[PDB]
Amino acid sequence: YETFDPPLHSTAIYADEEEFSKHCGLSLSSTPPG
Amino acid sequence: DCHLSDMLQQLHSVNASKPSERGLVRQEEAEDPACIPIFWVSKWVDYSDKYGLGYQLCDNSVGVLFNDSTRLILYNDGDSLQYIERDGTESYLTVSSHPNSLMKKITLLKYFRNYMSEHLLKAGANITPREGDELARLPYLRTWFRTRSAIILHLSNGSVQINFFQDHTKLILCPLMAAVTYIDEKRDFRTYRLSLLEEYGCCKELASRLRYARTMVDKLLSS
Amino acid sequence: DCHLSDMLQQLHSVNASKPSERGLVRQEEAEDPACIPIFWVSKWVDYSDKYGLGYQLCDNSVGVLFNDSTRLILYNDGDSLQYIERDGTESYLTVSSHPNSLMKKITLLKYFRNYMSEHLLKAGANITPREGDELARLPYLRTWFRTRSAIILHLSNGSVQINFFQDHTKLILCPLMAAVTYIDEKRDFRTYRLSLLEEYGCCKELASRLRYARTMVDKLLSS
């Protein structure tokens with residue numbers, strides 16, 4: 001498995017922007033519009 | 001292929017009607033959730049420079065179309081296997097009790113399965129397939145190719161799937177029901193009867209992807 | 001660094017003068033618009049549990065301090081980049097170059113930028129940064145930490161910014177000029193010479209926050 005490095009593939013887990021934005025809304029952040 | 005010929009005729013009829021050039025487009029009237037597909041490709045890995053193309057179907061089964069034109073499918077029970085030879089001949093086995101001649105291909109399939117489970121998002125996880133109670137036979141990947149804009153996947157049951165790289169949109173074409181399922185950039189899944197898209201029209205985004213689909217089905221037929 | 005040491009000495013001097021315990025206070029006389037900062041943190045989001053802390057600078061540039069103690073910056077042109085490793089080697093590249101080793105970190109930064117731009121207000125929007133020079137070297141976030149009451153942000157140019165959570169008041173300390181910019185609840189920005197605050201006094205609101213800033217700067221030096 002160690003040398004199993006596919007050069008092309010479908011979208012990786014880290015590239016799920018919907019889960020990213022979800023977590024940012026749940027995390028602490030600067031001030032949002034009121 | 002009898003199915004590709006049907007799909008081509010279905011797509012020419014809808015595309016010839018210019019569905020986006022209507023006074024009032026009523027795409028919603030074409031929705032028919034009863035045509036929701038049972039199987040679609042939810043993950044894929046293009047290692048064709050060494051081994052082949054691995055993929056996952058929505059039921060969590062996995063498969064590999066090796067560079068030697070054979071296919072190995074691992075059912076979602078994690079043990080049952082289906083081997084399809086170059087000429088289409090199908091045989092059935094298990095990882096537990098297999099022929100020794102398939103041990104390397106089984107090992108490769110496991111690597112594909114592990115890589116997909118560890119690194120890749122599952123497309124269509126929100127959407128629930130039409131259920132034959134798993135009676136529906138598992139399709140295999142007959143052929144595929146990649147273009148500048150998308151990867152095209154032709155399954156043994158006749159369906160054609162087109163995944164567009166830029167915006168993550170996808171078309172699932174089902175010639176048996178003359179239907180198409182569109183997953184938009186919002187990952188929202190909708191299934192339409194092509195005949196009803198012809199009658200009621202559709203938005204420009206889907207209409208253009210249906211023109212692209214026709215170009216791709218012609219390509220599949222020319223090969 | 002030597003800049004934090006200077007900042008601590010300036011804060012010690014101003015606090016030791018007890019600027020709010022004066023028979024007469026003339027805070028306006030301590031203002032010096034010539035010391036308005038050119039760079040401050042306008043937005044930020046704490047994704048430390050998974051990826052790290054992303055932030056936006058007043059020039060719309062974007063940066064992120066990853067949990068591996070590396071940094072990646074996206075200038076206001078939207079393509080050029082700057083990647084600072086753990087050791088501190090400043091390497092310059094672009095999104096168009098499609099670097100393979102930094103592809104994941106690029107994607108995450110773009111996501112930070114997206115959320116901030118579509119969900120968060122830009123602090124200091126009503127202020128024009130000093131200098132017609134938009135050629136000033138972009139700074140990066142050297143370190144940061146969070147108390148129950150504020151977030152402390154230490155930039156590479158020596159600036160220290162303290163944002164108070166409950167009332168949205170903010171301090172921007174510039175050791176190079178022994179100056180501080182204060183942003184009150186109404187978002188009015190005032191820039192002062194710390195040495196002049198000693199000589200003219202100031203309100204309890206600013207005095208008490210300069211007392212807090214000193215203890216925060218001590219914390220930065222202890223680390």
# chains A, B, ... in the order shown; residues from 1 in each chain; ligands from 1

$ residues_around --residues "range 160-177 of chain C" --least-positions-apart "5" --cutoff "7 Å" --atoms "only C-alpha atoms" --output "PyMOL selection string"
chain C and resi 3+6-7+35+149-155+182-185

$ interface_residues --of "chain B" --to "chain A" --cutoff "7 Å" --atoms "only C-alpha atoms" --output "count of residues only"
9

$ residues_around --residues "residue 202 in chain B" --least-positions-apart "5" --cutoff "8 Å" --atoms "only C-alpha atoms" --output "MDAnalysis selection string"
chainID B and resid 19:20 25:27 197 207

$ residues_around --residues "range 88-94 of chain C" --least-positions-apart "4" --cutoff "10 Å" --atoms "only C-alpha atoms" --output "list in words"
residues 69, 70, 71, 72, 73, 74, 75, 78, 79, 80, 81, 82, 83, 84, 98, 99 and 106 of chain C

$ write_last_selection --atoms "N, CA, C and O atoms" --output "CSV table (one decimal), in the first residue's frame"
chain,number,residue,atom,x,y,z
C,69,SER,N,2.6,24.3,12.4
C,69,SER,CA,3.5,25.5,12.6
C,69,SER,C,4.1,26.1,11.3
C,69,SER,O,5.1,26.7,11.3
C,70,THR,N,3.4,25.8,10.2
C,70,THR,CA,3.7,26.4,8.9
C,70,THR,C,2.7,27.4,8.5
C,70,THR,O,1.6,27.4,9.0
C,71,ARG,N,3.0,28.3,7.6
C,71,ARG,CA,2.1,29.4,7.2
C,71,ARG,C,2.1,29.5,5.7
C,71,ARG,O,3.0,29.3,5.0
C,72,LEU,N,0.9,29.9,5.2
C,72,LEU,CA,0.7,30.1,3.8
C,72,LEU,C,-0.1,31.4,3.6
C,72,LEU,O,-1.1,31.6,4.3
C,73,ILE,N,0.3,32.3,2.7
C,73,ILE,CA,-0.3,33.6,2.5
C,73,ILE,C,-0.8,33.7,1.1
C,73,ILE,O,-0.2,33.1,0.1
C,74,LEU,N,-2.0,34.3,0.9
C,74,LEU,CA,-2.5,34.6,-0.4
C,74,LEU,C,-2.7,36.1,-0.6
C,74,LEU,O,-3.6,36.7,0.1
C,75,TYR,N,-1.8,36.8,-1.3
C,75,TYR,CA,-1.8,38.2,-1.5
C,75,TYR,C,-3.1,38.7,-2.1
C,75,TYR,O,-4.0,37.9,-2.4
C,78,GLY,N,-4.7,37.6,-5.6
C,78,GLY,CA,-5.5,36.3,-5.7
C,78,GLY,C,-4.8,35.2,-6.3
C,78,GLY,O,-5.4,34.1,-6.6
C,79,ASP,N,-3.5,35.3,-6.6
C,79,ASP,CA,-2.7,34.3,-7.3
C,79,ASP,C,-1.4,34.0,-6.5
C,79,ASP,O,-1.1,32.9,-6.2
C,80,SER,N,-0.6,35.1,-6.4
C,80,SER,CA,0.7,35.0,-5.7
C,80,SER,C,0.5,34.4,-4.3
C,80,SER,O,-0.5,34.6,-3.6
C,81,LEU,N,1.6,33.8,-3.8
C,81,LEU,CA,1.5,33.1,-2.5
C,81,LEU,C,2.9,33.3,-1.8
C,81,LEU,O,3.9,33.6,-2.4
C,82,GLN,N,2.9,33.0,-0.5
C,82,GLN,CA,4.1,33.0,0.3
C,82,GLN,C,3.9,31.9,1.4
C,82,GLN,O,2.9,31.9,2.1
C,83,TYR,N,4.9,31.0,1.4
C,83,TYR,CA,4.8,29.8,2.3
C,83,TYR,C,6.0,29.8,3.2
C,83,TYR,O,7.2,29.7,2.8
C,84,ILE,N,5.7,30.0,4.5
C,84,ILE,CA,6.8,30.0,5.6
C,84,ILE,C,6.7,28.7,6.3
C,84,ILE,O,5.7,28.3,6.9
C,98,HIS,N,0.1,25.6,-9.5
C,98,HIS,CA,-0.4,24.3,-9.1
C,98,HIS,C,0.7,23.5,-8.4
C,98,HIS,O,1.0,22.4,-8.8
C,99,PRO,N,1.3,24.0,-7.3
C,99,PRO,CA,2.3,23.2,-6.6
C,99,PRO,C,1.6,22.0,-6.0
C,99,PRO,O,0.5,22.0,-5.4
C,106,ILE,N,-3.4,24.9,0.0
C,106,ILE,CA,-4.0,25.9,-0.8
C,106,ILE,C,-5.5,25.8,-0.8
C,106,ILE,O,-6.2,26.7,-0.6

$ select_by_dssp --residues "chain A" --states "strand (DSSP E or B)" --output "list in words"
residues 8, 9, 12 and 29 of chain A

$ write_last_selection --atoms "N, CA, C and O atoms" --output "PDB file, in the first residue's frame"
ATOM      1  N   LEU A   8      -4.628  10.566 -10.025  1.00  0.00           N
ATOM      2  CA  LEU A   8      -5.922  11.196 -10.241  1.00  0.00           C
ATOM      3  C   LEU A   8      -7.011  10.391  -9.547  1.00  0.00           C
ATOM      4  O   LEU A   8      -6.952   9.160  -9.486  1.00  0.00           O
ATOM      5  N   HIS A   9      -8.017  11.098  -9.043  1.00  0.00           N
ATOM      6  CA  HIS A   9      -9.070  10.470  -8.255  1.00  0.00           C
ATOM      7  C   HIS A   9     -10.187  11.476  -8.034  1.00  0.00           C
ATOM      8  O   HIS A   9     -10.040  12.668  -8.317  1.00  0.00           O
ATOM      9  N   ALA A  12     -11.199  14.507  -2.667  1.00  0.00           N
ATOM     10  CA  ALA A  12     -10.726  14.011  -1.385  1.00  0.00           C
ATOM     11  C   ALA A  12     -11.584  14.550  -0.241  1.00  0.00           C
ATOM     12  O   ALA A  12     -12.321  15.531  -0.383  1.00  0.00           O
ATOM     13  N   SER A  29     -14.975  32.486  15.840  1.00  0.00           N
ATOM     14  CA  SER A  29     -14.490  33.310  14.746  1.00  0.00           C
ATOM     15  C   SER A  29     -14.686  34.776  15.110  1.00  0.00           C
ATOM     16  O   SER A  29     -15.271  35.106  16.145  1.00  0.00           O
TER      17      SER A  29
END

$ select_by_dssp --residues "chain A" --states "helix (DSSP H, G or I)" --output "list in words"
residues 13, 14, 15, 17, 18, 19, 20, 21, 22, 23, 24, 25 and 26 of chain A

$ write_last_selection --atoms "N, CA and C atoms" --output "CSV table (one decimal), in the first residue's frame"
chain,number,residue,atom,x,y,z
A,13,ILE,N,-11.5,13.9,0.9
A,13,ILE,CA,-12.3,14.3,2.1
A,13,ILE,C,-12.0,15.7,2.5
A,14,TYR,N,-10.8,16.1,2.5
A,14,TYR,CA,-10.5,17.4,3.0
A,14,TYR,C,-11.0,18.5,2.1
A,15,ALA,N,-11.4,18.2,0.9
A,15,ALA,CA,-11.9,19.1,-0.1
A,15,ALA,C,-13.5,19.2,-0.1
A,17,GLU,N,-16.0,21.4,1.0
A,17,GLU,CA,-16.1,22.8,1.5
A,17,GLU,C,-17.4,22.9,2.4
A,18,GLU,N,-18.4,22.1,2.1
A,18,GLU,CA,-19.7,22.2,2.9
A,18,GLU,C,-19.4,21.8,4.3
A,19,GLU,N,-18.6,20.8,4.6
A,19,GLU,CA,-18.3,20.4,6.0
A,19,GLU,C,-17.4,21.5,6.6
A,20,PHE,N,-16.5,22.0,5.8
A,20,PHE,CA,-15.6,23.1,6.2
A,20,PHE,C,-16.4,24.3,6.7
A,21,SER,N,-17.3,24.8,5.9
A,21,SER,CA,-18.0,26.0,6.3
A,21,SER,C,-18.9,25.7,7.5
A,22,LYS,N,-19.5,24.4,7.5
A,22,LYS,CA,-20.3,24.0,8.7
A,22,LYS,C,-19.5,24.1,9.9
A,23,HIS,N,-18.2,23.6,9.9
A,23,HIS,CA,-17.4,23.6,11.1
A,23,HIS,C,-17.0,25.1,11.5
A,24,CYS,N,-16.7,25.9,10.5
A,24,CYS,CA,-16.4,27.3,10.8
A,24,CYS,C,-17.5,28.0,11.5
A,25,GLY,N,-18.8,27.7,11.1
A,25,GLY,CA,-19.9,28.3,11.8
A,25,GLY,C,-20.1,27.8,13.2
A,26,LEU,N,-19.6,26.6,13.5
A,26,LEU,CA,-19.7,26.1,14.8
A,26,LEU,C,-18.5,26.5,15.6

$ residues_around --residues "residue 178 in chain B" --least-positions-apart "4" --cutoff "7 Å" --atoms "only C-alpha atoms" --output "list in words"
residues 10, 174, 193 and 194 of chain B

$ atom_distance --atom1 "CA of residue 65 in chain B" --atom2 "CA of residue 221 in chain B"
19.3 Å
